[PDB]
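Within every chain, numbering begins at 1; the chains are lettered A, B, ... in the order of the sequence lines, protein sequences first and strands thereafter. Only heavy atoms go into these numbers, but all of them, side chains included; no hydrogens, no water, no symmetry mates.
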Amino acid sequence: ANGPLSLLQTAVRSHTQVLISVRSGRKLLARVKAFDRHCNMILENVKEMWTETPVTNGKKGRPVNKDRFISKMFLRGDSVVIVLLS
RNA sequence: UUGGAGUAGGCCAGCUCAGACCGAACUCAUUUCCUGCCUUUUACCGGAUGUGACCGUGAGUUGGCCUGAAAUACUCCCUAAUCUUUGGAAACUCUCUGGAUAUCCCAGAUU
């Protein structure tokens, strides 16, 4: 209640966005609603982007910052690399 | 952790089974014989042998009665510190092998 719990609770109270890099090499921009002792995350207005290299006709193409929008999202605590309270 | 199926206790009455221990208990009668006592019978003696009755018992089941209780409850069926669900991931190159075999691709294996 004086550390990571304080950061997650402050994010919950302020309803501010976090930028999360995750173990699938992916990047997330979403708001904070709730957290637990496992630091599992429930998310809103989620913008998910990632780097994908399309294999055009057997040749390595330039990467795409492919992104999607998810309304409501739930996240697991062990899948996190880093969270930044933006 | 649940949905599905359940509903009390006491008492009374009926029905069906139960002895190899229904019964940790114990009587009576009687068939066919043997013994005894006997003038005839009944009422008897006491052994065998089967056969009935009576005083009782248990389990299941069905109906009723009495007192409750009442969306309560019980009853069944069923259900993030290493070592397992709280992660070395994710991504893909290089090399090797096979198919194709001029390559791309892909599979397997390795860093």
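Pair check for B:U97 finds B:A107; Watson-Crick or G-U wobble, both atom distances under 3.5 Å. In this structure B:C17 sits in a base pair with B:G58, meeting the Watson-Crick or G-U test at under 3.5 Å. Across all strands shown, B:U72 forms no Watson-Crick or G-U wobble pair with both key distances under 3.5 Å. With a cut-off of 3.5 Å on both pairing distances, B:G88 has no Watson-Crick or G-U wobble partner at all. Checking B:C83 for Watson-Crick or G-U wobble geometry (two distances, each under 3.5 Å) identifies no partner in any strand. Pairing partner, B:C78: none, since no Watson-Crick or wobble contact has both distances short of 3.5 Å. Pairing partner, B:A43: none, since no Watson-Crick or wobble contact has both distances short of 3.5 Å. With a 3.5 Å ceiling on both atom-pair distances, the Watson-Crick or G-U wobble partner of B:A8 is B:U67.
Counting heavy atoms from C-beta on, the side chains of A:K60 and A:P54 never come closer than 4.5 Å.
B:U49 and B:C34 have their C1' atoms separated by 11 Å, given to the nearest Å. Rounded to the nearest Å, the gap between the P atom of B:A8 and that of B:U2 is 25 Å. The same atom, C1', is picked in B:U95 and in B:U110; the two are 8 Å apart, to the nearest Å. Rounded to whole Å, the separation between the P atoms of B:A59 and B:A24 comes to 14 Å. A gap of 26 Å separates the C1' atoms of B:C54 and B:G60, to the nearest Å. Here the separation of B:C28 from B:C44, taken at their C1' atoms, is 15 Å to the nearest Å. Nucleotides B:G23 and B:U35, compared at atom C1', are 34 Å apart to the nearest Å. Nucleotides B:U72 and B:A5 are separated by 16 Å at their P atoms, to the nearest Å.
Sugar pucker of B:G23: south, since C1'-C2'-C3'-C4' comes out negative.
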Pairs under 3.5 angstrom, nitrogen or oxygen only, protein versus nucleotides 109-111 of chain B, please.
none

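Between B:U30 and B:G50 there is a base pair of the Watson-Crick or G-U wobble kind, both donor-acceptor distances falling below 3.5 Å. With both atom-pair distances required to fall under 3.5 Å, a Watson-Crick or G-U wobble pair links B:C55 to B:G23. Taking 3.5 Å as the upper bound for both contacts, B:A100 does not pair with B:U32 in Watson-Crick or G-U wobble fashion. Nucleotide B:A53 is annotated as paired to B:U27 [Watson-Crick or G-U wobble, both distances under 3.5 Å].
Under the 5.5 Å and 30° stacking definition, the step from B:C83 to B:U84 does not qualify as stacked. Neighbouring nucleotides B:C33 and B:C34 have six-membered base rings whose centres lie under 5.5 Å apart with planes under 30° to each other, which meets the stacking criterion. Neighbours B:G98 and B:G99 stack on each other, since their six-membered rings have centres under 5.5 Å apart and planes tilted under 30°. The six-membered base rings of B:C78 and B:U79 sit with centres under 5.5 Å apart and planes under 30 degrees, so these neighbours stack. Judged on ring centres (limit 5.5 Å) and ring planes (limit 30°), B:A25 and B:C26 form a stacked step.
For the 3.5 Å distance criterion, the side chains of A:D36 and A:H38 fail to qualify, holding no donor opposite an acceptor.
In this structure, A:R37 reaches the bases: a heavy-atom distance under 4.0 Å links it to at least one base atom across the strands shown.
Taking CD1 of A:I20 as the start and CG of A:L85 as the end, the distance is 10.5 Å to the nearest 0.5 Å. The line from CG of A:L84 to CG of A:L28 is 12.5 Å long, rounded to the nearest 0.5 Å.
Counted within 6.0 Å of CZ on A:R37, heavy atoms from surrounding residues, nucleotides or ligands total 12 or fewer; the atom is thus considered open.
Partner of A:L75 under the side-chain contact (heavy atoms from CB on, under 4.5 Å) criterion, chosen from A:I42, A:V83, A:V46, A:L43: A:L43.
In this structure, A:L8 atom CG and B:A80 atom P are separated by 16 Å, rounded to whole Å. Distance A:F35 CZ to B:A80 P: 15 Å, rounded to the nearest Å.
Base orientation of B:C22: syn, since the glycosidic angle falls within 90° of 0.
Between A:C39 and A:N57, the residue anchored nearer the 5' end of RNA chain B, judged by the nucleotide with its closest heavy atom, is A:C39.
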Just list the side-chain donor-acceptor pairs under 3.5 Å for residues 63-73 of chain A, sequence neighbours left out, or say none.
residue	atom	partner	partner atom	Å
A:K66	NZ	A:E52	OE1	2.7
A:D67	OD2	A:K47	NZ	2.9

Letter per nucleotide, 5' to 3', of nucleotides 86-101 of chain B [B base touched, S only sugar-phosphate touched, - untouched; heavy atoms, 4.0 Å]: BBSBS-S---------
